[PDB]
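Enquirer: From the sequence below, what's the structure:
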Amino acid sequence: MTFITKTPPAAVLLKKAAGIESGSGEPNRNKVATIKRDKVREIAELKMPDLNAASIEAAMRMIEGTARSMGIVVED
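Expert: Numbering: from 1, shown residues only. Take a look at the structure below.
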């Protein structure tokens, strides 16, 4: 289906928003990669038709469980 269909994982694109692309190793203190909700969901919208979800409730869902099991949070 064109040059796509193999969309990436929401753990590599979501963390992108916040800015945790493996900087190098600076776990000083605090800083838990916070991803606003108006942004995390936005990404789920771009892959909405690539995740096979019927609506955001189905997409943003994988973005909350996928953007949390890694350590990132979400500000509703």
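Enquirer: all strands of this protein, in order?
Expert: Listed in chain order, the strands of the chain (DSSP state E) span 34-36, 73-75.
Enquirer: Please identify the most buried of those.
Expert: Mean neighbours per residue, mean count of other C-beta atoms under 10 Å, is largest over the strands of the chain for strand 34-36, with a mean of 17. C-betas here are computed from N, CA, C, even on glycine.
Enquirer: Could you export the strands of the chain to JSON lines, including columns for distance to residue 50?
Expert: Below are the strands of the chain laid out as JSON lines (distance: least, C-beta to C-beta, whole Å):
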{"stretch": "strand 34-36", "distance to residue 50": "19"}
{"stretch": "strand 73-75", "distance to residue 50": "20"}
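Enquirer: how about the helices of the protein, start to end?
Expert: 10-18, 37-46, 48-51, 56-66 (DSSP state H).
Enquirer: Give me the distance between residue 20 and residue 39.
Expert: Using C-beta to C-beta, to the nearest Å, residue 20 is found at 14 Å from residue 39.
Enquirer: coming back round to it: now for the strands of the chain, which one comes closest to residue 26?
Expert: strand 34-36 (16.3 Å; C-beta to C-beta).
Enquirer: Which strands or helices does the closest one pack on?
Expert: helix 10-18, strand 73-75 (3 or more C-beta pairs under 8 Å, 6 or more residues apart in numbering; DSSP states H and E).
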